[PDB]
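Chain by chain, the residues run as shown.
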Amino acid sequence: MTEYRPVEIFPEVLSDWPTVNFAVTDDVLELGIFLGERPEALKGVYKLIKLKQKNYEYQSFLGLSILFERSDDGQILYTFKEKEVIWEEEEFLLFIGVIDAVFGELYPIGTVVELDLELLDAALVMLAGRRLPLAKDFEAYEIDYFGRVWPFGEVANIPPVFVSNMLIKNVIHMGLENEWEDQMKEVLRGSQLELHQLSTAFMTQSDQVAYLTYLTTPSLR
Amino acid sequence: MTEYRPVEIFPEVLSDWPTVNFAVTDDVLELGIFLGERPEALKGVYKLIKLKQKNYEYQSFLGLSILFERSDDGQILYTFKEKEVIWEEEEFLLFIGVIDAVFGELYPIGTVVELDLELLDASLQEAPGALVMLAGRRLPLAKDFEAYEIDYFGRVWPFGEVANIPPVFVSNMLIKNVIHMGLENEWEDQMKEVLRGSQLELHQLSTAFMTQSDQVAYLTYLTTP
Amino acid sequence: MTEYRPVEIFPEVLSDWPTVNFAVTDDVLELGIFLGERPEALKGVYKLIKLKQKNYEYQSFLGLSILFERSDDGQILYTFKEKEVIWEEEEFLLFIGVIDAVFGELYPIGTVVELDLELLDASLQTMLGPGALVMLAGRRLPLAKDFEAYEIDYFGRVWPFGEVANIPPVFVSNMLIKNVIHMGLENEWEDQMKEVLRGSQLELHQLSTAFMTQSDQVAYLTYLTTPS
Amino acid sequence: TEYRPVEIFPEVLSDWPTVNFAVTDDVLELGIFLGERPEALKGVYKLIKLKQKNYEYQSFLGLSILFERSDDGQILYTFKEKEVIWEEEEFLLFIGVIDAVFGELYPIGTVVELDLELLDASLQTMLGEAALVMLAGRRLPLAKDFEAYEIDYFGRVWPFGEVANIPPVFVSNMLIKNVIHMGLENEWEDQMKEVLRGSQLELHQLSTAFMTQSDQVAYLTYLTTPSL
Ligand SMILES: [Cl-]
């Protein structure tokens, strides 16, 4: 209950996720456990998908590295046990999306973080609000964090920043943590997995264009 | 109480402006009252400068045609009243800023307007544009930056404030058409005079007329930490 | 395109509300229709219960001057159809709650309205109750988790100040809107939203924060103060 | 080379235009005594705002000082075996300048515990009370024609943050009871304190907790009525 077991709850949550329609093998389950306990590699692969990079290698703390290439046709390609493994770009983005929904860190309010400038839809941002719901008909997504630029705060001249788990690169100042915060983390994480909510960073191609029309349709009068 | 006469206050305000240290000829003032009562030309030359357009021409309702050419040397070329006048781009942008500070409209709260999608980063923001309801007015930038102001603070119609949509900083040069005018009574008229009375007494301009020297200075002001 | 007759849906919606433990006679229906078609009396009745007043009558040229008086015990007393009817305080609070959910008005974003300064606090400094001009920046705000029985009708700023961020916002309910002054933008989308929004509150059996019972009002204070 | 509030305090009083008080040394040493003791500077504020009879600052022999107050608006104290009586409005502006010099500046994200019994007697009004509050915005100018007043802090309820259902609360330093958490503090945050304190004292501003009764009713009518 209080102790979090993201490893044991990972395989069942992946199967309970309704949008999952790809092959789920033991290696697929093992790949999420490796990337789950190492978000620095999980976020580096998201940049491979979001920024359409050519490849990305994750060097361990020892020195050995693991290569993950991206095909220009829209597909993630790598080799497990020295054997080729294919992953569609729309299916692999959902894979790393559920990992962040399970192995993602819930930072408290007031946590001063440093967003990755390369993933800012193209310095220091304090987290003022977390896990805000999206609009109706888009309950499958959520804004992980959101806040103002530190230390200016709620000055309307400074526009707010929508921060996902993939945008946070470095944590500078941790927020307040106590028994209420841990209770707030538990009751908020369960709803993020119960309603099958993904981060807005893992928005698919069709959901991106459809959400733009949702904004323009009322004014399309 | 006091009826606002932008044509009467324009000559004294333009001369009392501290940053104004350039030509204040009679034709210059005659051009300000011409662009003030004709907002379609005040915003058109603004698009000529900001969007780096080649030229721009405007005809009045009676046929008064004036052509504004933008030289590659950064000079505003135009011929007005049988006389050709050159205007440095870093100085002509300040000239049209005082015009908007005197002749600019002051829409009430809740005014659903349409924005000029051409000026405001089109693909960053789809063809007709989503409507913006002016929910705020006259917003200061920061300390040591009181020389510029945010004209309007807008939410996206009809989603509102509670909706998790990024807000929009709107300016008079940015507002294209007015789709729905807000409530305007005696409290609103005195609020217009209170806001405009402070924007001209403190010698403030809009962020649309922010010089590139000050635009980068405002970026490093918040990047210093 | 489908028009809305709140009188037709009124009795079956009263059956949809499960918390009903009071006697729902036909006189209860006609009284709600009387309070529904005439929101001028429905709101004054709410002030009789919330502010613990002596009485309140709705003088009308049609002669339907129904006087509503409540005792110290919280017993709403009136006479309808030439017959004396007695109601309780907490039961009459939930009675007008369904009326407001069925006969409630939906104003678009940017609708500048007037508010009643009497319900809020002791505004004797004003001594008028040219006051409380508030523009509606948001509508139908869900209250909170485990509190879906109630909801915030409107969320807006003080007019003509706007989102000044130096004056705190106002959570406006339909029982607080004093008088409508300006109307927002209305198109096919707005009327489409009005048609689907008023049916969702009746679907989820939601009330307004004005009808917040003390037990649930304290329960909301525990959620804001006591951890979990 | 750091802040010397004890040294600047007598210079600020000379600079302060609103001061209509005697420039005696007893007032100087008493303000410095209250400046280095927040429990005493904030305790007498509860004696005046909540309109209490007496209040004693129990401490060492001599350090212990009692503050009595009658109903006709007169404060009473004795400092160094010397009895001095201040008027209620004369003693409010006195502690207001002390909180402007010896006031504490907290960084962003500082979760503070508030004095709830003093909160109820404030601008609660429609906003309600709304325990733990995080400081999101600091030093907000009150308004025009009220520039001499400032809002020390304002934020949301912890750990909810900016939520549409969560009403924001404006927090003065006199309202801060206990400090639970602390925000990030680099050298820019220290520079911000030099920028903020160099502005509040130069513009001669006071916290909204020190709003005089003449300006309290005047600010309320400005929001409600088109009086100006
Ligand atoms: Cl408050």
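Residues numbered from 1 in each chain as written, not as in the entry; some residues may be left out. Chains lettered and ligands numbered in written order. Heavy atoms only, no water. Residues with missing side-chain atoms left out of burial classes, pairs and counts.

Focus on empty space enclosed by the protein
Residues and elements named next belong to chain C.
- In this structure, the largest cavity spans a volume of roughly 90 Å³.
- Looking at the largest cavity, the residues that line it are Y4, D100, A101, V102, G104, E105, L106, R140, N174, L197, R198 and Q201.
- Counting only elements with at least two residues in the lining of the largest cavity, the list comes to α4 (89-102) and α6 (188-203).
- Tallied by class, the residues present in the lining of the largest cavity amount to 5 nonpolar, 3 polar and 4 charged.
- Residue contributions to the lining of the largest cavity reach at least three from each of two domains, namely domain 1 (6-102) and domain 2 (111-225). (1 Å grid on protein atoms, 1.4 Å probe; cavity = no way out; pocket = protein on both sides within 12 Å on 5 of 7 lines; lining within 4 Å. Points joined across faces, edges and corners; volume = space filled by probe spheres on them. Helix = DSSP H or I, 4+ residues; strand = E, 2+ residues; numbered from the N terminus. Nonpolar A, V, L, I, M, F, W, Y, C, P; charged D, E, K, R; others polar. Domains from an automatic or database assignment.)

Describing the sheet that holds strand β4 (residues 83-88) of chain A
All names here are of chain A.
- Judged by pairing direction, the sheet is antiparallel, and its 4 strands sit side by side in the order β1-β2-β3-β4 without closing on themselves. The open sheet has two edge strands with one neighbour each: β1 (55-59) and β4. Neighbouring strand axes in the sheet, compared pairwise and without regard to direction, differ in orientation by 25° on average.
- As paired elements, strand β2 (residues 65-71) and strand β3 (residues 75-80) share 3 bridges and run antiparallel to each other. Among the inter-strand pairings, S71 is bridged to a residue of β3, identified as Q75.
- On top of the sheet, helix α3 (residues 39-50) reaches β1, β2 and β3; it is set at about 175° to β1, its chief contact. (Pairing = 2+ DSSP bridges. Axes fitted to C-alpha atoms, helices over the stretch in contact; angles between N-to-C directions. Contact = heavy atoms within 4.5 Å.)

Notes on the domain arrangement of chain A
Residue and element names in this part refer to chain A.
- Along its sequence, chain A is carved into domain 1 (1-104) and domain 2 (107-221).
- Using C-alpha coordinates to define each centre, domain 1 is positioned 21 Å away from domain 2.
- Each partner contributes residues to the interface: domain 1 has 22 residues there, and domain 2 has 20 residues.
- Summing both partners gives a buried area of about 1900 Å² for domain 1 against domain 2, and 60% of it is carried by carbon and sulfur.
- The largest share of the area that domain 1 buries against domain 2 comes from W17, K43 and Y46, three residues that together contribute 29% of it.
- Connecting domain 1 to domain 2 are 2 salt bridges.
- Here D116 ties to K47 by a salt bridge, and the two come within 3.4 Å at their closest N and O atoms.
- Counting across the domain 1 and domain 2 interface gives 8 residue pairs in polar contact. (Buried area = accessible area lost by both parts, 1.4 Å probe. Salt bridge = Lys/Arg side-chain N within 4 Å of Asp/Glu carboxyl O. Polar contact = N/O pair within 3.5 Å; in protein donor to acceptor, adjacent residues only side chain to side chain.)

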